[PDB]
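Engineer: PDB entry and its sequence, pasted below:
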Amino acid sequence: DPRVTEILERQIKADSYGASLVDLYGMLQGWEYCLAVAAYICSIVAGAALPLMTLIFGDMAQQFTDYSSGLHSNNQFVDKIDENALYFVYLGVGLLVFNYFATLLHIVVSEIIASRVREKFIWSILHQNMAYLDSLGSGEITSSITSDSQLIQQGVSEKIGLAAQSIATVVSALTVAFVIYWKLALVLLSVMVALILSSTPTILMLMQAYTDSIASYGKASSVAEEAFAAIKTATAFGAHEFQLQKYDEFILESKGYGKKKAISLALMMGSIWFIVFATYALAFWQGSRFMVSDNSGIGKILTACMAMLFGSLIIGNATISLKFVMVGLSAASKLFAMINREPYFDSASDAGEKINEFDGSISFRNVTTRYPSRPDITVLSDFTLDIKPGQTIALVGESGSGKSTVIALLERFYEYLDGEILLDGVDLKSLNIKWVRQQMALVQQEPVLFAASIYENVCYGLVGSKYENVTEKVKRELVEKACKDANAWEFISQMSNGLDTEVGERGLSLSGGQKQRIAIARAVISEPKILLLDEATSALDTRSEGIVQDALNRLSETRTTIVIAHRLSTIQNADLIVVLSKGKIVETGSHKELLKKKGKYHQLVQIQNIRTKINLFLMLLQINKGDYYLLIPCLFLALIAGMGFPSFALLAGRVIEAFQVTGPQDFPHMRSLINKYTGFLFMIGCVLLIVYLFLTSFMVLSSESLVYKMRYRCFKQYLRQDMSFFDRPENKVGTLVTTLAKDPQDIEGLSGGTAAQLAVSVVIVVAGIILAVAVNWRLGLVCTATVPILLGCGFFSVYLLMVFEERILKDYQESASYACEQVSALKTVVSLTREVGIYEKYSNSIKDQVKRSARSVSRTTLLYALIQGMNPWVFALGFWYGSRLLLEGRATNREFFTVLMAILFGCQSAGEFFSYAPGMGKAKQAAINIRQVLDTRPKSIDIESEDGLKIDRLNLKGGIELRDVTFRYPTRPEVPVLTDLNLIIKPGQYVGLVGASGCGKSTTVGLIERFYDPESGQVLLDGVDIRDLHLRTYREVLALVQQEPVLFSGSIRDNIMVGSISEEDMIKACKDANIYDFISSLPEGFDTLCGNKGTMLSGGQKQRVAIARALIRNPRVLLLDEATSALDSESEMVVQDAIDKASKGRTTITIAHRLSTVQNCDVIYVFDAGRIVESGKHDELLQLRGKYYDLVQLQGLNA
Ligand SMILES: COCC(CCO[C@H]1CC[C@@]2(C)C(=CC[C@H]3[C@@H]4C[C@@H]5O[C@]6(CC[C@@H](C)CO6)[C@@H](C)[C@@H]5[C@@]4(C)CC[C@@H]32)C1)COC
Ligand SMILES: COc1ccc(CCN(C)CCC[C@](C#N)(c2ccc(OC)c(OC)c2)C(C)C)cc1OC
Ligand SMILES: Nc1ncnc2c1ncn2[C@@H]1O[C@H](COP(=O)(O)OP(=O)(O)NP(=O)(O)O)[C@@H](O)[C@H]1O
Ligand SMILES: [Mg+2]
């Protein structure tokens, strides 16, 4: 027990890992480290040189004020201005150079790190033991290959460079502000820190609201998942409003939390602007108060104020960039957990022995095995067997005996706890695993061919052979010979290219017969010593089976072979047959020997013989008409913003002019002016605050509303679709749930909030331009011509960042798809030992991709650096022109700084709208997908349409008639299920539809319920076609009891009343279902929760609840689609008691696999390939000695 349990956990134990940036940045080797260092240095420099613009602005402001006061001569003013303009030019050039190098080197280093991570991941995944790989959920490895490596690459991409730039900018801004003027900087820092620690409550509230909304939509998404999975039951019982009301109850909680989200976002975005203008006014006021003692001047006050705000504003950029770093580290924590895990079997190394002159003899001695997933069941117990060279052995038995467990033990996929497996007397645990797998050839039931030429697919089996590295002509001859010996040359010659044709997604797609023969050729070409045939003809068509079986027999006449045959006629001439029952060998010997013993083999042969004998924005705005009451004020607060920012610029210009003091004699007057305007700069600062407290709020509210509708309607548009919509491969339950999660959420980027923000930004930009032109037309015209440049730069910074974000995902697609292809077929890869070749191909692909990607990036990084450096040049031109204007008297210091602050506000307000650009990158896509979903309408089976003859209960006879019905499943229209089916149920008949499996007897339920319409033919209820009846009332007449009982999450009373068409009909139905006793025995009454929690119920009680649900509506036609073909024998009797009572008094159509139930049917119909072969009662069918007789004999033997 201790050793066994330790082995079973160690085979599957996935140890966790906590990754950091040390692990990610240690992927560099040697001279690559310098690149990383260089990148960071550049980033830091590109962040430290940015707040020097505040220094140069302060110096130019001081020069302008001094010249206006009359302190210095024209020549001095011109020379100083020109020197400051040169300083802007130098700063712009430096910003360009360092931004280029920082971005390029960060991207290159991220490419290198992620490529190393990808290589290590694929190498590690390929060489894990199969037990761990099976444990990994479906699609986990492919998601780690495709969508977890991009996150790692982003975490160390230019995003971390921008985070470092933001931190450096904050540090440098604080340093500049404290070095130039420390007293005012200290006062401003104290006030800002106080106002931030005072806004910590609002941030906490916003994060809480986000978390609560996420949880509420998680509950809503669980309701959506259960409805889609149980869409048949909901369609049959008309539970399309019940599911929608359970969904709407949870997407109305998300709206309630979105109202807190809106309030918190409005408060936070108002606090951020309160800090801005409060600091501005306080800086100017306290600087004037300190000037009466320091003579600091306007320059130092402006430098300190600008540096403080600059530093604070960039804190937001650091947080957004650091989000990517945190997400990347979490993805690394995942990928490094798997990369570091050591496999249970050391197949990567070359440790082990290699048998020379391998004969091909195998020996199992008391082999015992328990799978790691289920450590309590012994799948294989005391397995003993000896296979001499040349002996073809056959493993037979019922499903779950453990036949494929022997092959899994041989191939080292799983570990055997006790016993001993010997290859020519050498223990299997002391042999090289890759060599062991090379000495065998595994031919599975489902053949896997990879996306390559048939020549390459066949050569995939030459790994580790003596012919692995030979001249290509010898390889071509070998492939030709192997394809001839596999009966594959015949159809290969027919194809145009021949051996070079590409079998895979791209190129021709072959039938199982061709794919299986190519797999046989790939197996034979290696000349194996042991052949493992695991049902190589199980899924094959009967006609194809002949050619392939011939190939398999010719292959296996001369090698040690272990045949697991689905058809026992193929293994009659096997040298030895072993019968397995629950992992134990019951008998072994020749065909004639076992038959004379009349044991399990005799029964299996008899059953086989019997079976053989029987056989865009305006659209969403129009949808959300409610936003019309959130767009009447938003065009009035915008007007207020358009009259508040120009006023703010005017006041700022007046305050700067007030500082034109020649000496200490002007300090009193200045102070008075400073005071007065600083009052207005507050009174107009608060008004705008109020606007933000409303405006942002409305934005978020609007968005929330839209999302809610885009959820509700979308769900209401999925429940409307007919079953053919849900049969399509794309419309999986998980896919539809993910679409409901994503698209309604993502369409929030083109809501009324975006329109309001765009309108506000446009109004502010236009108001700034108008104010600048009115104040001084000579200056406003240049401001009008610099604003297009200053806005394009701000937009294209975001656009190029988006391009950098998209490149990572769009570039590693030709290579991630290859890895997902070779990993989705991982047992085939492992058994061929194609692990090294796949590693070499994938590594070469991504190594080429790195070199391509660096040169791809450099071109865009050039433009990004140019845009980043553009701003100081614009400021230099503006200041030079302004100084030339003050020279000629055509402008005033007040007018110049009013224009400057106006264009500053315009560019800061238009940069709020550009941050919406990434969102509209996805929202647009979402919008078009949602429009298709809303427009999707079922062809004929529509529940919402009120067109059709309604049914009258008084005249409702309840008879059914399928007249000349033929039907094909739309997914596979080639294969017919029903052909020319003529069938009649008279009213009140208890009819049973028995038949061989695959006869399409269960499709009659779908046709009567009108899940589908017949391709050609008619279905009539009481002489009236069902296509002319109202679907809702028709389905209310019917009732359905499915094979596996479905109970939607909720109380027992709710599930039982789903089929209600008074609290006493429900009791009566529960009594008729023999379930009321169990209900009264529950801790509570009918309020007990069943779905997904509460008192769990057995299959019998679930089926009885389903029967009561069907019974409440008092149906005239009860459709029992194998209501007991899921129950154990003991439970089946009470469920059958419930079923028999329901049949009395109404038309009942029972499809049953256990023909004991249908023994009391008035008329029994037997199906065969979709047509009614035999009809009549039980005794007459028995006397007929036909297909029903064979079925009852088969059921008697099968047990
Ligand atoms: C699951 O959660 C998902 C998440 C939900 C929202 O999370 C919030 C977390 C806090 C965070 C990052 C958010 C918005 C504004 C951010 C603030 C701006 C302020 O600016 C400063 C500096 C400048 C000052 C003037 C004002 O204060 C900072 C101290 C303040 C700040 C950086 C503190 C952190 C805030 C988003 C994202 O969803 C898209
Ligand atoms: C022109 O291109 C851009 C220009 C500026 C920006 C920066 C965006 N700003 C940080 C938005 C500031 C928002 C904010 C408000 N309200 C604000 C701050 C300062 C402002 O003037 C100094 C301001 O004027 C409206 C607004 C604060 C809440 C932060 C980005 C740009 O591209 C994304
Ligand atoms: N990876 C696994 N983890 C746990 N149990 C497993 C695993 N694989 C198979 N089993 C169970 O082990 C038993 C034997 O499985 P298996 O060896 O596949 O039998 P089989 O006779 O080859 N099946 P079949 O090919 O359908 O006739 C059954 O109970 C299986 O459900
Ligand atoms: Mg099997």
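Structural biologist: On my side now, so go ahead. Numbering: from 1, shown residues only. Ligands and ions are numbered 1, 2, ... in the order given.

Engineer: Check whether residue 252 really touches residue 708, as I assumed.
Structural biologist: Yes - Residue 252 is within contact range of residue 708, at 7.4 Å (criterion: Cβ atoms under 8 Å). Placement of C-beta: from N, CA and C, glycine included.

Engineer: neighbour-wise, which of the two wins?
Structural biologist: Shown here are residue 252 and residue 708; by other Cβ atoms under 10 Å, residue 708 has more neighbours (19 against 14).

Engineer: still on that earlier bit, shared neighbours, residue 252 and residue 708?
Structural biologist: Both residue 252 and residue 708 lack any common contact, where contact means Cβ atoms under 8 Å, 6 or more residues apart in numbering.

Engineer: Please, where are all the helices along the stretch 1-150 of the chain?
Structural biologist: All helices of the stretch 1-150 of the chain, identified by DSSP state H, counting those that start in this stretch, fall at 2-10, 21-25, 32-48, 52-69, 74-126, 130-135, 140-146, 149-155.

Engineer: any chance you could map the helices in the stretch 951-1100 of the chain?
Structural biologist: Taking DSSP H, counting those that start in this stretch as the test, the helices found in the stretch 951-1100 of the chain are 1003-1008, 1031-1037, 1052-1056, 1065-1072, 1076-1080, 1099-1112.

Engineer: Just the buried residues of the fifth one, please?
Structural biologist: Spelled out, it's helix 1076-1080. For helix 1076-1080, the buried set under the neighbour-count rule, 16 or more other Cβ atoms under 10 Å, comprises 1076, 1078, 1079.

Engineer: And for the first one, nearest residue in space, chain neighbours not counted?
Structural biologist: Right, the one you point to is residue 1076. The spatial neighbour of residue 1076 that comes closest, neighbours along the chain excluded (Cβ to Cβ, 6 or more residues apart in numbering), is residue 1070 at 4.0 Å.

Engineer: quick check, residue 874 in a helix?
Structural biologist: Yes - counting by DSSP: H, G, I helix; E, B strand; the rest coil, residue 874 is found in a helix.

Engineer: Can you tell me the closest non-neighbouring residue to it?
Structural biologist: Counting by Cβ to Cβ, 6+ apart, residue 874 lies nearest to residue 786, which is 5.4 Å off, once chain neighbours are set aside.

Engineer: The one you found sits in which helix or strand?
Structural biologist: For residue 786, the host element (DSSP states H and E) is helix 777-811.

Engineer: same thing with residue 572?
Structural biologist: For residue 572, there is no helix or strand it lies in under DSSP H and E.

Engineer: and the gap between it and ligand 1?
Structural biologist: In this view, residue 572 and ligand 1 are 66 Å apart by Cβ to the nearest ligand atom, to the nearest Å.

Engineer: Might one say that that residue is in contact with residue 592?
Structural biologist: No - Residue 572 is beyond contact range of residue 592, at 9.4 Å (criterion: Cβ under 8 Å).

Engineer: quick one: which of those two has more around it?
Structural biologist: Neighbours per residue (other Cβ under 10 Å) separate residue 572 from residue 592, with residue 572 holding more: 13 against 9.

Engineer: which residues does the more buried one contact?
Structural biologist: Contacts of residue 572 (Cβ under 8 Å, 6+ apart): residue 591.

Engineer: Could you shift the numbering so residue one becomes 42, and keep it that way?
Structural biologist: Got it, the first residue is 42 from now on, which makes the last one we talked about residue 613.

Engineer: Now it: phi and psi?
Structural biologist: phi -60, psi -40 (degrees, to the nearest 10).

Engineer: same thing with residue 1203?
Structural biologist: Main-chain torsions, residue 1203, degrees, to the nearest 10: phi -60, psi -40.

Engineer: Likewise for the one 10 residues further on?
Structural biologist: Its backbone dihedrals place residue 1213 at phi -80, psi 100, with angles given as degrees, to the nearest 10.

Engineer: Same question for the one 5 residues further on.
Structural biologist: With angles defined as degrees, to the nearest 10, residue 1218 shows backbone torsions of phi -70, psi 180.

Engineer: Quick check, it in contact with residue 1206.
Structural biologist: No - with contact defined as Cβ under 8 Å, residue 1218 does not reach residue 1206; the gap is 11.0 Å.

Engineer: Which of the two has more residues huddled nearby?
Structural biologist: Neighbours were tallied for residue 1218 and for residue 1206 using other Cβ under 10 Å; the higher tally belongs to residue 1206 (26 against 14).

Engineer: Do I have it right that that one meets residue 1023?
Structural biologist: No - contact between residue 1206 and residue 1023 fails when scored by Cβ under 8 Å: they sit 10.6 Å apart.

Engineer: Now the common contact residues for those two.
Structural biologist: By the contact definition Cβ under 8 Å, 6+ apart, residue 1206 and residue 1023 are jointly contacted by residue 1213.

Engineer: Nearest to ligand 2, out of the helices of the stretch 992-1141 of the chain?
Structural biologist: Comparison of the helices of the stretch 992-1141 of the chain against ligand 2 by Cβ to the nearest ligand atom identifies helix 1093-1097 as nearest, at 48.5 Å.
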